[PDB]
Amino acid sequence: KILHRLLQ
Amino acid sequence: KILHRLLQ
Amino acid sequence: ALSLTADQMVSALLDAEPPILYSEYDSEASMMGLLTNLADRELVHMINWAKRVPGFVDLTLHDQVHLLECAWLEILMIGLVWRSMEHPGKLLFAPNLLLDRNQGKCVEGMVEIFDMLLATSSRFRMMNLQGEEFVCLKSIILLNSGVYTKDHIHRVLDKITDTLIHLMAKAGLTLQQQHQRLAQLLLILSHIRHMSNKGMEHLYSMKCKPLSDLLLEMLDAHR
Amino acid sequence: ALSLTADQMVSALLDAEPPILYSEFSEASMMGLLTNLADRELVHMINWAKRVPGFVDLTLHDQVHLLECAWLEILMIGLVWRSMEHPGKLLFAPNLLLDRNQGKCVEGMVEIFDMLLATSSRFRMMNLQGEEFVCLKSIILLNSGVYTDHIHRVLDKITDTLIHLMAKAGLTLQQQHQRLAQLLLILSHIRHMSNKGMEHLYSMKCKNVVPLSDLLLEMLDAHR
Ligand SMILES: Oc1ccc(Oc2sc3cc(O)ccc3c2-c2ccc(F)cc2)cc1
Ligand SMILES: Oc1ccc(Oc2sc3cc(O)ccc3c2-c2ccc(F)cc2)cc1
């Protein structure tokens, strides 16, 4: 999920 | 509308 | 209606409570049939319950219709959730119809709604929701779900807010606790609206080839 | 995050505010502008969420769930807030102020506009303050997905923060919890707009009006 990388 | 009638 | 004491407000809503109807329980077509039939009969009592809700009759016929059309499933859901409070992992649709989560899988797309309903019921139990608070919340749903879609309605809503505070105060809670609990209850209504929107979309998909007329108009009201 | 004072909570939320972005009329064109704008705002929303007190204390899994459920609600309450001083109009961007008739360009969007315009007028009717808005938007982030204990005590803190603001503005005890209720009940309508808005975007996807970004699709697929 792209949302994973952006949250990190 | 049935609702309008049931609301008298 | 605007000169009711918080205690007078409570018992007014308590007396206005609709009865708990039974099912016809002895297949996805039968399970839906039980629910559609039960909800259709409940809708008749909800209409007469709404009239006994303070301030509702003061509105116009058009405004009465609008509020019910938008909130009818919400009110059904919070009723189910409240009845199911003492039944963990099960939804008490009727005293003779206690459905399990696994039983919800009988209908495709229903189990996801069952889970949301179970969580809401579990949340009520954790908060130890009181009956006096329940009838207040259910009346709020009636007056709030379609208000912004009058100054009298918000004036009544404020009185229900005063009532909830009055209930929590006499329950011995500190005022900090009163405001916190008040917030927690009203934030649940957001999730109840969510379940309603999802549930309505599920119902509209069941209008794709045992459904009554009144229930159809309630479904058609959401386009 | 729980040791924060009411004033310190307000300041933390204010400092965390994301920037107001700009935009770059037919159905494909306006949808192109909105999807582009929404994709860029989403990047700031994620970083804003991380600056919300107690949100970093959550696991990565829970952070994802809260954002996936609330992302459209957050976009809307932001739009609604910016549109307050612009009656009858919606301020998606400073160079993109739209009225309800410009919503007829895209099929099934004018219904969403009317709900959004109604929420903004309701905000102006209550004279919503910026200190209250940042609280409501943070409440949306933490509440919307909480049912699908740390979160609930952060919510209680924001509730204490909301009351503190009202008590500061000279509101009496009765006026305080009355206003608190009116504010949180609007969140029920914001959730409603989101659900109707989420279904509309899915129909735009099925109609293939404009190619959505992979991120915007992932946020959209999280609702199915
Ligand atoms: O799959 C679903 C869809 C909507 C639902 O919403 C609810 S809550 C509730 C409580 C009752 O006491 C009686 C009916 C309901 C319903 C409901 C279920 C089916 C239907 F066609 C209409 C409403 C429930 C399950
Ligand atoms: O037809 C629609 C559908 C969703 C909508 O929700 C919102 S609110 C908002 C505020 C912004 O500052 C930027 C984007 C949005 C959107 C939105 C619009 C199109 C889209 F594809 C995703 C979100 C609005 C109109």
Side-chain angles (χ1 to χ4, degrees), chain C residues 70-71 74 109 112 115-123 126-127 136 140-141 143-147 149 154 157-158 160-162 164-166 168-169 175-201 222, chain D residues 69-70 73 108 111 114-115 117-123 126 135 139-140 142-149 152-153 155-164 166-167 173-196 198-199 202 223:
Chain C
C70 297
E74 280 186 88
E112 294 84 357
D115 289 329
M116 295 188 299
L117 291 167
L118 285 174
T120 308
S121 183
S122 187
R123 174 58 174 174
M126 295 330 130
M127 299 192 58
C136 285
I140 289 184
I141 292 184
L143 302 176
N144 181 81
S145 291
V147 55
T149 302
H154 289 107
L157 285 171
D158 283 16
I160 309 180
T161 293
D162 298 332
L164 280 175
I165 296 297
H166 171 81
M168 302 169 188
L175 165 143
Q176 188 184 31
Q177 293 174 336
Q178 296 174 22
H179 298 332
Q180 287 179 0
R181 182 171 180 83
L182 173 63
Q184 294 167 359
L185 292 182
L186 301 180
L187 286 178
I188 293 178
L189 299 187
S190 180
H191 289 260
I192 300 180
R193 182 82 77 111
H194 183 65
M195 293 186 298
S196 180
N197 292 132
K198 295 301 182 181
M200 201 74 66
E201 289 291 331
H222 296 255
Chain D
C69 295
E73 297 191 64
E111 283 73 25
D114 288 338
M115 295 186 296
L117 286 172
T119 312
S120 190
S121 178
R122 177 57 186 169
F123 272 7
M126 297 192 57
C135 287
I139 287 179
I140 292 181
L142 298 173
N143 177 44
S144 291
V146 78
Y147 299 134
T148 49
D149 206 344
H152 286 114
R153 290 193 297 273
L155 288 173
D156 290 330
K157 172 118 295 185
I158 305 185
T159 298
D160 294 339
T161 305
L162 273 178
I163 297 299
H164 173 85
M166 302 174 184
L173 229 52
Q174 178 176 341
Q175 291 179 332
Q176 289 176 36
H177 63 70
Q178 276 186 358
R179 180 170 178 86
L180 172 64
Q182 297 170 1
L183 286 184
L184 297 182
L185 286 182
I186 300 179
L187 298 187
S188 178
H189 184 59
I190 296 182
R191 174 90 74 149
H192 181 74
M193 297 187 302
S194 175
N195 291 334
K196 282 296 178 296
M198 200 73 67
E199 291 292 340
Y202 181 76
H223 289 261

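Basis for what follows: all heavy atoms, side chains included, without hydrogens, waters or symmetry-related copies. Sequence lines set the chain letters: A, B, ... in the order given, protein chains first and strands last, and positions in each chain run from 1.
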Novice: With distance as the sole test, does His194(C) use its side chain to make a donor-acceptor pair with the main-chain N or O of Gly145(D) at under 3.5 Å?
Specialist: no
Novice: Considering only heavy atoms, which portion of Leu189(C) lies under 4.5 Å from any heavy atom of chain D: side chain, backbone, both, or neither?
Specialist: both
Novice: Taking it one step at a time, do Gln174(D) and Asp158(C) satisfy side chain to side chain donor-acceptor pair (under 3.5 Å)?
Specialist: CA-CA 9 Å; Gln174(D) 178 176 341; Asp158(C) 283 16; over 6 Å; no
Novice: Tell me every residue that passes side chain to side chain donor-acceptor pair (under 3.5 Å) with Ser188(D), counting only those two or more places apart in sequence or in another chain.
Specialist: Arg193(C)
Novice: Nearest 0.5 Å please: distance from the CE atom of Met195(C) over to the CG atom of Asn195(D).
Specialist: 11.5 Å
Novice: Please identify which of these residues, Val146(D), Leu142(D), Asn143(D), meets the side-chain contact (heavy atoms from CB on, under 4.5 Å) condition with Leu187(C).
Specialist: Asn143(D)
Novice: Any side-chain heavy-atom pair from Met126(C) and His152(D) closer than 4.5 angstrom?
Specialist: no
Novice: Compare every heavy atom of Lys198(C) with every heavy atom of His223(D), then report the nearest pair and how far apart it is.
Specialist: O-NZ, 4.2 Å
Novice: What part of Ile158(D) lies closer than 4.5 angstrom to a heavy atom of chain C: side chain, backbone, both or neither?
Specialist: neither
Novice: CG/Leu182(C) to CG/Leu184(D) distance, rounded to the nearest 0.5 angstrom?
Specialist: 7.5 Å
Novice: For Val147(C) and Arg122(D), what are the C-alpha separation, side-chain angles and deciding distance, and is it a side chain to side chain contact (heavy atoms under 4.5 Å, CB included)?
Specialist: CA-CA 10 Å; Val147(C) 55; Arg122(D) 177 57 186 169; over 6 Å; no
Novice: Say you draw a straight line from CG of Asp160(D) to CD of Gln177(C); how long is it, rounded to the nearest 0.5 Å?
Specialist: 10.5 Å
Novice: Determine, stepwise, if the pair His177(D) / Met168(C) fulfils side chain to side chain contact (heavy atoms under 4.5 Å, CB included).
Specialist: CA-CA 12 Å; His177(D) 63 70; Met168(C) 302 169 188; over 6 Å; no
Novice: Tell me, for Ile192(C) versus chain D, whether the close heavy atoms (under 4.5 Å) come from the side chain, the backbone, both or neither.
Specialist: neither
Novice: Answer with side chain, backbone, both or neither: which region of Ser194(D) has an atom nearer than 4.5 Å to a non-hydrogen atom of chain C?
Specialist: neither
Novice: Answer yes or no: is there a side-chain heavy-atom contact under 4.5 Å between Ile163(D) and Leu175(C)?
Specialist: no
Novice: Would you give the length of the straight line joining atom CD of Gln176(D) to atom CD of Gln178(C), rounded to the nearest 0.5 angstrom?
Specialist: 11.5 Å
